[PDB]
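Residue numbers (our numbering), protein chains in the order written: chain A, 9 to 220; chain B, 6 to 220; chain C, 235 to 434. Don't be surprised by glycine CBs; every beta carbon is placed ideally from N, CA and C. Here's the structure we're looking at; comments come further down.
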Amino acid sequence: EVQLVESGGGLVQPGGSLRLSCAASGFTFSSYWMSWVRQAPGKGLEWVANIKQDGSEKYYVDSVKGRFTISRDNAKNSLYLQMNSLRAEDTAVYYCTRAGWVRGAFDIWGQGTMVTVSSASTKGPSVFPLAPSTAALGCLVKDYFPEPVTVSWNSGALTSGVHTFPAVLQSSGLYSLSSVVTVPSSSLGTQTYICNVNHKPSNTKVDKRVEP
Amino acid sequence: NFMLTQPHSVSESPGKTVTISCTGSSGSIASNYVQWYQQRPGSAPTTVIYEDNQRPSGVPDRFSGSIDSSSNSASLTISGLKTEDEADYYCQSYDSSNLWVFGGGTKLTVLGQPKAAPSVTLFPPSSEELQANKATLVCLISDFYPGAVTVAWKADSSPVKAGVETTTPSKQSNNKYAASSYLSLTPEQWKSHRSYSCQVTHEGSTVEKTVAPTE
Amino acid sequence: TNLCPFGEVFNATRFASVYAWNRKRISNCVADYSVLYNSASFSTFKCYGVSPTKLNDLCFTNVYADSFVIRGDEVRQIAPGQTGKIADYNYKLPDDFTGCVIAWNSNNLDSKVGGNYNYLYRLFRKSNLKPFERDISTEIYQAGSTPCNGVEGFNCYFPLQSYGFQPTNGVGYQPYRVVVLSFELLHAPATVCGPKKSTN
Ligand SMILES: *[C@@H]1O[C@H](CO)[C@@H](O[C@@H]2O[C@H](CO)[C@@H](O)[C@H](O)[C@H]2NC(C)=O)[C@H](O)[C@H]1NC(C)=O
């Protein structure tokens with residue numbers, strides 16, 4: 009039986025320190041190469057560091073060389089990764105993995121802990137109308153901090169063509185989404201079509217009227 | 006400078022067989038062992054093929070590893086496909102110069118419904134956003150299966166390098182996927198060019214939408 | 235049982251040529267595969283027929299350490315099936331081969347300005363080297379019908395060629411030291427083992 013658990017992850021703004029740690033349980037820990045493999049959200053897998061089974065020689069990607077310090081502890085069946093002077097690119101899910109020998113075989117993968125690096129703090133969004141061209145209209149929830157955000161159409165009455173798309177994480181560390189409702193071309197002119205935005209993490213409720 | 010290249014998405018029907026390629030850039034595959042990690046959505050990866058062709062204890066016979074001696078590339082072939090096999094497949098290996106390298110990943114989609122091209126809707130910057138000294142183009146994609154597209158922006162039919170923000174496809178209620186693409190800008194650039202294009206590539210075919218500023 | 239001489243076949247000084255591929259019979263010792271897989275310093279390191287992990291729990295009759303030098307771009311041929319100028323006329327590995335191929339870059343040793351012509355290779359051989367066969371014949375390859383009987387000219391080619399290993403050559407044209415390990419499965423006493431010394 010073999011299992012690996014990682015902790016110590018979370019949120020920190022650029023330049024801060026952080027220390028990930030993996031709890032090994034299930035194999036002769038003193039017989040495997042321990043590696044840290046990170047995976048950015050929605051991106052691919054990228055190796056980060058690898059420490060030898062006796063702590064002799066360590067290896068890291070050039071991306072984190074000089075800032076990330078891999079370190080193990082055979083007696084305590086643990087592996088660590090001191091992440092000093094963090095950057096935004098380092099935002100990813102870090103996993104501790106077992107090797108056995110150098111060439112390949114990243115045998116087992118723990119569930120991994122998330123590491124978020126963003127300076128931005130809680131902020132309410134700015135709502136903008138979409139103004140249709142059947143045609144569709146909507147609202148633009150721009151530059152809001154912590155996800156979630158809730159959008160209601162016509163104060164909760166309209167539910168027909170609503171399609172609230174997921175939000176991007178703009179380069180500015182601020183999220184942004186948009187919800188659009190497909191309505192009959194003969195409806196534009198009489199129906200009001202107001203969107204309701206509720207960002208509970210900042211309790212900033214904004215309603216916006218959409219017109220042709 | 007030894008990278009591993011891999012296709013974006015491959016789709017096949019339930020009973021058929023599909024092959025995933027992994028080519029080596031400056032360097033040389035077959036000079037070192039090759040691994041294939043299966044990663045179901047939201048889960049940690051599991052090893053399906055290690056040492057170019059060996060399946061670990063428990064991996065079905067359906068998974069087979071091959072290391073082409075001609076085109077410098079290894080290929081994973083899941084024969085007699087199963088719906089549970091829909092996942093992200095990454096190929097990894099080692100090189101003396103560059104250390105443990107991974108592939109770009111491939112989204113193997115086990116077709117459960119007929120392939121469907123996406124519906125793209127583009128919105129120009131709102132009159133109110135421009136009054137605020139900021140502009141943003143909204144490109145909302147929807148109703149497409151398999152689950153993967155490529156978004157490209159053209160400034161008056163010319164490349165648009167930076168300022169693009171694009172979501173990762175998510176599942177809709179009807180099993181089809183959808184994602185959005187936002188193009189950041191400034192008021193001067195908006196009315197300067199004749200029109201801005203939004204190109205969405207999906208299983209070969211590419212759909213496009215364009216908007217003109219003046220009104 | 236003692237410890238095998240891998241610090242001599244690998245951490246060596248002079249290497250043979252591909253056509254005159256060296257060999258060292260290893261027996262009467264319990265090996266140490268740690269320095270070999272934990273190495274991570276080689277370029278080509280693959281095993282055909284056994285996992286390097288499950289080797290210390292294995293014992294063998296004899297181990298053959300064939301060592302030679304070829305230009306890196308040709309290491310692809312030191313493997314089963316793989317053919318070319320090296321696997322056909324210099325060193326061919328059988329299809330049912332059961333061993334390991336270990337190679338590493340060595341132009342900092344085997345590359346002298348102007349060309350270190352100490353290493354050679356075979357150009358012509360009417361017979362493709364049978365698995366593990368050796369063709370060290372210096373006989374002038376009779377290209378045409380008129381025999382050679384001596385110095386070369388047309389229809390007469392010195393079967394061997396040289397390697398112009400310069401420290402500025404291409405990453406593929408540089409010299410690489412190879413080590414091909416063979417494993418013997420005989421129903422006779424086994425004098426080679428891994429850290430499985432509990433059985434003697
Ligand atoms: C054979 O060569 C290897 C490769 O240099 C030697 O391994 C090195 O040993 C030293 C200790 O003296 C370590 O500091 C190095 O890190 C080792 N190198 C690697 C790549 O791990 C090995 O010691 C040599 N064998 C003998 C008997 O001298």
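Straight-line spacing of the CA atoms in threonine 158/A and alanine 183/B works out to 19 Å.
In this structure, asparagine 342/C has its CB at a distance of at least 7 Å from all heavy atoms of ligand 1. Where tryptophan 41/B is concerned, the enclosing beta strand (DSSP E) starts and stops at 39 to 44. A straight line joining the alpha-carbon of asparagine 245/C with that of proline 19/B spans about 53 Å. The three-state secondary structure of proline 286/C, taken from DSSP, is helix. Contact annotation: in the segment 28 to 56 of chain B, residues whose CB is within less than 8 Å of a CB in chain C are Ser33, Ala35, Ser36, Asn37, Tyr38, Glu56. At a cut-off of 8 Å, the C-beta of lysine 66/A has no neighbouring C-beta in chain C. DSSP, reduced to helix, strand and coil, places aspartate 300/C within a strand of the structure shown.
The beta carbon of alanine 121/B is closer than 7 Å to those of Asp148, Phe149, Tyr150, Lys181 in its chain, skipping five residues each way along the sequence. Sequence-distant Cβ neighbours of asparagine 389/C in its own chain, meaning closer than 8 Å and more than five residues away, are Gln376, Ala377, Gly378, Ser379, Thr380, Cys382. When DSSP states are grouped into helix, strand and coil, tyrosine 271/C belongs to the helix group. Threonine 433/C sits in coil when the DSSP states are folded into three classes, being neither helix nor strand. Interface criterion met: the Cβ of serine 101/B is under 8 Å from a Cβ in chain C.
Contacts with chain C (Cβ-Cβ distance below 7 Å) from the segment 59 to 77 of chain B involve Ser74, listed in chain order. In terms of beta-carbon proximity, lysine 280/C lines the interface with chain B, with at least one pair separated by less than 8 Å. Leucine 343/C sits in coil when the DSSP states are folded into three classes, being neither helix nor strand. Taking a cut-off of 8 Å for Cβ pairs, the segment 17 to 26 of chain A and the segment 117 to 125 of chain A touch, as three or more such pairs fall below it. Beta-bridge pairing by DSSP links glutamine 376/C to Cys390/C. Nearest C-alpha to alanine 92/B among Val125/B, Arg60/B, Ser76/B, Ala49/B: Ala49/B.
DSSP places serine 189/B within a strand segment (E or B) once states are collapsed to three. The continuous alpha helix (DSSP H) containing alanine 321/C extends over residues 319 to 323. Taking the C-beta atoms as reference points, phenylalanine 114/A is found nearer than 8 Å to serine 43/A. Not a single C-beta of chain A is nearer than 8 Å to the C-beta of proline 429/C.
Rounded to whole angstroms, the gap between the alpha carbons of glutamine 178/A and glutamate 170/B is 6 Å.
Across the set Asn236/C, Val284/C, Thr317/C, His421/C, the C-alpha of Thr317/C shows the shortest separation from the C-alpha of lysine 326/C.
For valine 297/C, the distance from the CB to the nearest heavy atom of ligand 1 is not below 7 Å.
If you check the CB distance, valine 214/A and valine 110/A do not come in under 8 Å.
Between the segment 343 to 357 of chain C and the segment 302 to 320 of chain C there are three or more inter-stretch CB-CB distances shorter than 8 Å, so the stretches are counted as touching. For the options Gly70/B, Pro174/B, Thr51/B, the alpha carbon positioned closest to that of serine 26/B is the one of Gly70/B. With distances taken between CA atoms, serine 129/A lies nearest to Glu155/A out of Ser193/A, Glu155/A, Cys104/A, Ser93/A.
For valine 269/C, the shortest C-beta to heavy atom distance toward ligand 1 is below 7 Å.
For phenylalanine 240/C, the enclosing alpha helix (DSSP H) starts and ends at 240 to 243. When Cβ pairs closer than 8 Å are counted between the two stretches, the segment 424 to 434 of chain C is seen to touch the segment 257 to 268 of chain C, the count reaching three or more. Proximity to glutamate 213/B across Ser175/B, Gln177/B, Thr173/B, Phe128/B peaks at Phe128/B, based on C-alpha coordinates. With respect to chain A, the C-beta atom of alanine 122/B has no partner C-beta closer than 8 Å. Sequence-distant partners of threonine 141/B (beyond 5 residues in either direction) whose C-beta falls short of 8 Å from its own C-beta, in its chain, are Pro130, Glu134, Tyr187, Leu188, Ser189, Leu190.
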